[PDB]
Structure formats: C-alpha cells, structure tokens
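Here's the structure, in structure tokens; my notes come after.
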Amino acid sequence: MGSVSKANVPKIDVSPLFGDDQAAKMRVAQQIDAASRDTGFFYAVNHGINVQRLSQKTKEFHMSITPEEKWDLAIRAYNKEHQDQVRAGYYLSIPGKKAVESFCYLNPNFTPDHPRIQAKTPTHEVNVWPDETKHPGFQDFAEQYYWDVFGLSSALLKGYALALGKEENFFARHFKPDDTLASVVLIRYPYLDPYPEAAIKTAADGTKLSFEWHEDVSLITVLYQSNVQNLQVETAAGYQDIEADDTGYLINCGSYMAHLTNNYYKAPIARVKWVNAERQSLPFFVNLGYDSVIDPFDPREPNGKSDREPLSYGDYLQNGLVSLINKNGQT
Ligand SMILES: CC(C)[C@@H](NC(=O)[C@H](CS)NC(=O)CCC[C@H](N)C(=O)O)C(=O)O
C-alpha cells in the first residue's frame with residue numbers, strides 16, 4: 001500500500017558513561033553496539049543537559065534577530081564581504097524560496113591567538129556573535145552549551161570505543177577543547193502560511209521533503225530536536241520514521257566512523273520530511289582535530305585488519321562539507 005514503517009530507535013541510559021562502574025559502562029556499550037548495527041540511531045537519555053533551557057534560549061534568539069543583524073553575521077554564501085565565514089555565522093532564509101535558516105558556531109577557543117587561525121588552516125574560523133545588548137546572555141549561553149554538549153559527547157565516545165572492543169579513550173583522546181572542529185548549528189524550521197512550494201522537494205518515492213538524503217559529516221552527531229516528527233532513516237526495506245523526543249538526544253554515527261570501522265558501524269542515511277510546523281533542529285557535530293588520524297580497523301576480522309587508508313580528519317571535514325553543499329544545496 002506504500003505505507004511507512006517506524007524505525008526502532010532505542011532509548012539508552014548513558015549515565016553510567018560518566019561514572020566509574022566499568023561493567024555498567026559495558027552494558028551501555030552493548031546497547032550502543034546493537035543500535036549502531038541496526039538502524040544506526042538511538043536516543044541518549046539521562047544525559048544531564050538542560051535541553052529546556054537550550055530550546056528556550058535558542059527560540060529567543062531566532063525570534064528576535066532582525067534582518068540587519070542577519071546580514072551582519074551572514075556567512076560568505078549570503079554576504080560577499082565575509083570571505084572568512086565559510087562555516088560560522090548566520091545562514092539566511094529566502095522568503096518564497098527557502099524556509100530554513102540557522103546560526104552555526106565553532107570551538108570558542110578559536111581566537112586570533114590560536115595557531116590554526118594564525119596559520120589560516122581551512123575549516124578553522126573565529127566565531128561571530130550578535131551585539132550583547134541586543135541579545136543579552138546569548139553568547140554566554142551558546143558557549144556554555146558548546147562545552148555542556150562537548151562533555152556529553154566525550155562520554156558517548158567512550159561508549160562507542162568500548163562497543164567496538166577498544167579502550168574507552170580510543171576516540172575521546174582525539175576530541176579535545178584546544179583543537180576540536182566540532183560545531184553547533186541552531187536551525188529554525190518555520191511555520192509558513194502559505195508554505196512556499198519552492199522550499200519543498202519531492203523524493204523519488206514521492207515523499208515531500210525539506211532536506212534530501214545524506215550521511216552526516218562527523219564522527220558522531222548529537223542532535224536535539226523539538227517535538228515535531230520529521231526525520232526518516234533509510235533501511236533496505238525503505239525509509240522509516242524516526243519518532244520525536246524533545247527530552248533526549250538523537251545519536252548516530254557519521255561517515256568518518258563508517259570509514260574507520262570498514263562500515264561495521266555504517267553512517268545511516270537520513271532525510272527531513274516536510275512538515276508545516278515551527279520547530280528546532282540543534283545538531284552538535286562531533287568532529288576531531290584537523291590533524292587527527294584514527295587507524296582503520298575491521299571488528300569482523302579476528303586480526304582486526306583493515307587495508308583502508310588512514311584519513312586525516314581535517315581533509316575529511318573540508319571535502320565532506322563541500323560535497324554536502326554541492327549535493328543537497330546551500331543551507
Ligand atoms: C537533523 C539534520 C537533518 C539537520 N540538518 C543538518 O544538520 C545539516 C544538513 S545534513 N547539516 C549540514 O548542512 C552540515 C553543517 C556543518 C556546519 N555548517 C559546519 O560548518 O560544521 C536538519 O534538521 O536539517
């Protein structure tokens with residue numbers, strides 16, 4: 001009949017990953033392994049982050065920022081004066097054509113003092129921020145959130161490492177405040193009446209979409225969304241609906257994880273169904289350092305041997321973000 005099934009997205013209590021009960025951490029790791037080998041998604045619960053404040057502060061920002069402020073913060077794709085802003089800054093909507101808009105920021109430790117900024121290494125940028133007096137407390141909240149979700153992500157990486165049979169720091173040792181290329185994106189999906197057809201895509205299977213299929217450019221992705229169902233994950237039997245949960249974090253592996261595990265943990269393909277509803281999508285992309293290299297392995301093989309070439313994370317990220325724009329469009 002062409003009906004759509006619902007993806008199995010287990011809720012995993014990740015709180016043992018913050019503690020020192022090693023057996024309890026292994027039991028979390030088993031659940032991460034099972035989810036990563038199934039649909040590729042799970043909900044992290046008991047994460048310790050105040051996601052209500054995150055949603056409230058984000059909404060206040062989205063709903064009070066003016067067109068003048070958006071131009072002032074706009075990335076190079078919308079403002080030719082800002083050639084240094086390839087990643088960080090505001091991503092404008094286009095009424096009548098493009099509904100989505102967002103604000104992306106990077107490691108707050110990227111300053112003019114940082115040697116990667118001094119060296120002008122690709123993918124490193126100094127964050128841009130609105131005026132404090134026009135957006136009181138926003139930058140402080142946003143930077144605090146970066147480190148809040150950094151801490152959650154570090155614990156999740158311990159779970160992934162144990163799940164793959166490694167020591168718990170196998171990934172986290174490359175995830176550091178002084179060089180991480182991780183990013184936060186505060187995405188607004190608006191309610192619009194009428195909703196512009198030009199902002200709606202039609203999938204091959206006929207589904208109306210706001211964003212087409214993609215793998216995440218990340219090691220893992222740590223995503224908060226408001227309570228409006230929209231995501232679908234691709235399975236061999238077709239796309240399946242991911243149910244919403246505005247109290248937890250949706251977790252999945254990115255294509256760097258698929259590379260280094262020889263696809264043992266696949267990077268799930270997801271897409272965004274079109275829904276005419278005001279809502280939030282707030283991903284944290286767990287990226288490593290520019291020179292981070294994890295030696296690939298294959299958990300399926302007794303000797304764990306993989307002849308996949310080691311891939312520097314900075315090259316992976318630069319190529320990945322460009323390719324995602326080319327394939328799915330400038331967001
Ligand atoms: C939940 C996702 C599907 C979310 N989309 C996303 O996260 C989108 C599209 S895959 N992600 C990106 O474009 C990559 C952003 C990378 C960021 N600017 C950076 O420099 O690090 C959505 O809600 O659209």
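First listed ligand is number 1; within each ligand, the first listed atom is number 1. Computed over heavy atoms, backbone and side chain alike; hydrogens, waters and symmetry mates excluded. Residue numbers run from 1 in the order of the sequence given.
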Filter the ligand 1-protein atom pairs down to N or O on both sides and distance under 3.5 Å, then list them.
| unit_1 | atom_1 | unit_2 | atom_2 | d |
| --- | --- | --- | --- | --- |
| ligand 1 | 18 (N) | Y91 | OH | 3.0 |
| ligand 1 | 20 (O) | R87 | NE | 2.7 |
| ligand 1 | 21 (O) | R87 | NH2 | 2.8 |
| ligand 1 | 21 (O) | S183 | OG | 2.7 |
| ligand 1 | 23 (O) | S281 | OG | 2.6 |
| ligand 1 | 24 (O) | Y189 | OH | 2.6 |

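Remark: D140 pairs with no residue by the salt bridge (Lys or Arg N to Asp or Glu O under 4.0 Å) rule, at least two apart or across chains. Here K70 pairs with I65, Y90, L92, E101 under the side chain to side chain contact (heavy atoms under 4.5 Å, CB included) rule; sequence neighbours left out. Under the side chain to side chain donor-acceptor pair (under 3.5 Å) criterion, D148 pairs with no residue at all, not counting sequence neighbours.
With 3.5 Å as the limit, one finds a donor-acceptor pair spanning the side chains of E69 and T66. Residues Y313 and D291 bring no donor and acceptor atom of their side chains to less than 3.5 Å of each other.
Separation of the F138 and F103 ring centroids falls under the 6.0 Å cut-off.
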